[PDB]
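Next up: a single chain in C-alpha cells, the form deposited in one PDB entry.
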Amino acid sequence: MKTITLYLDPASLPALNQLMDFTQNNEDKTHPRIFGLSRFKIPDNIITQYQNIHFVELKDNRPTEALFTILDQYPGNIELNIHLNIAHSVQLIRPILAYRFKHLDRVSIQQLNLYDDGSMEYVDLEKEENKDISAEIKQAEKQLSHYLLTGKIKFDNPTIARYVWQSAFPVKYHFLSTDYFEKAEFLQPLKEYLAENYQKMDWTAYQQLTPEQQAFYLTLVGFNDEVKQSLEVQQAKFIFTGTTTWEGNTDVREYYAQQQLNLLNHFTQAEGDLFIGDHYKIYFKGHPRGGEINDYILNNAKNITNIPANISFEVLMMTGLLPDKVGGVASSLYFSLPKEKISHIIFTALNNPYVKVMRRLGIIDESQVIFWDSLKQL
C-alpha cells in the first residue's frame, strides 16, 4: 500500500538524527514525508526538489489538527513510518492515534523509530532508582494498551511508559547513552527487556554519506561556509556553550541571562575560577531556544565570535571542527563530546539527578561539582 514517513520533534537532538534519516533516503523524490520539526526550517530550494512533502506545526508537544488535512490526502491504505522524540513520544503519537481511530480500516502504524530528547531521558530515569523496574514495565505495558484502545493517556510511570512501545509496534530506539543502560544496575531489567530493539545514536553517519549528501545535510542543519571558516582559524579555540530555561517567567529568564554571562566571565577572565588561558579564541554557542539569554551574552560580552544558536553542537563533530576546549552549562551536547575537550561543566549537591547521570557516565569525575550560583559576581 502506501508508506507515509513522519518526522516529529519539538526539540533538537531527535530532529538532527531524523534529518540524517531524510538525507540517507533523499534519492527518492516522491516518498510521502511530513516534517514536524519545530526547530528546523527545510530550505525552499530543497522543498521544491520533492513532492508529497508536508509540514505540520507542533503545539503542546504534539502535531496540531492540521495533521488530519494532510493525511486526508492519501485516501488509500496508509502505513505510518513514525520518527519520535522519546521523552514526548506519548503526546506526539496522540493525534496520530486519534486519526487512526477514525480510519481504522485503512490507517496502520508500520514502525517507530525513537530518539533521545537528550539528558532529560536520563535525568528522569535516574529518579526511577529505588523502584522495581521489572514491575513498572509490565504496568506501563498494560497502561499503554488502554491508551491504544481508548486514546486516553493515564500512566502510573510516565518515564517508563516511554520505553514500552515494542509491546505494540515494531520499534527501534536510538540512545544518546547505551552506556547508561549498562552502568545503572537498577535498570538491568529495562536493558534486558529492550533486548536488540535499541542502538546508540551513530555520529559516524555523516562521514559515510556521499559528498552530495554531506552538503545536503549541512544545508538542513543550517551549517553555512561562514561558520566553517570561522572555526578553521589557526589558533587554539574555546567554545562557551549556553543553556535556556523552560519557564516563560521573565524574572527567571533574566536571572539565567545574568548568571550565564557571569559564567563566561569565570572562563575567560584572569580572575575567573575557570580561567582557561589568554591564548584561546572564544566562541559563543548559544542554546537554540536561548532567545533573550543569547542576546544578553552577545550584547554584554567581548572578544566573542558567535556560532548561530540554531546550529547543533554535534554538527561540529560531524564535520571534525571540534575546538580544543568546551565549557558551559550542563547540556545534552556533553554526552557525545570526547572527554579530552571538556574544560568544565556547570549545573544550574549530591542528590541532583543530572549530576548523578554525568557521574555515572564518567563525564564528570569525583570532582566537587560546580553550581552556577556558587560563583562570585565578577
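C-alpha atoms forming the largest set that superposes within 1.5 Å between two forms make up the rigid core. One-based numbering along the sequence shown.
Below, we refer to the form deposited in another entry, which is not included among the displayed structures.
Q: Only one of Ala195, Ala135, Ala215, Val252 crosses a C-alpha shift of 2 angstroms between the shown form and the other one, counting 2 angstroms or more, core aligned. Which residue?
A: Shifted by 2 Å or more: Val252 only.
Q: Superposing on the rigid core, do we see a C-alpha displacement of 2 Å or more at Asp324 between the shown form and the other one?
A: Yes; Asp324 is a residue whose C-alpha shifts (by 2 Å or more) between the shown form and the other one when the cores are overlaid.
Q: Inspect the rigid-core superposition and answer whether the C-alpha of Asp295 shifts by 2 angstroms or more between the shown form and the other one.
A: Yes, its C-alpha moves 2 Å or more.
Q: If I superpose the two forms on their rigid core, does the C-alpha of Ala236 end up displaced by 2 Å or more between the shown form and the other one?
A: Superposed on the core, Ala236 moves its C-alpha 2 Å or more between the shown form and the other one.
Q: Shorter or longer C-alpha distance for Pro288 and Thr159 in that other deposited form, given it differs from this form by 3 Å or more?
A: Relative to the displayed form, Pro288 and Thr159 move farther apart in that other deposited form - a change of at least 3 Å between their C-alphas.
Q: Pin down for me whether the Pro288-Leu220 Cα distance shrinks or grows in that other deposited form relative to this form (closer or farther, change of 3 Å or more).
A: Farther apart, which means the C-alphas of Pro288 and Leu220 are at least 3 Å more distant in that other deposited form.
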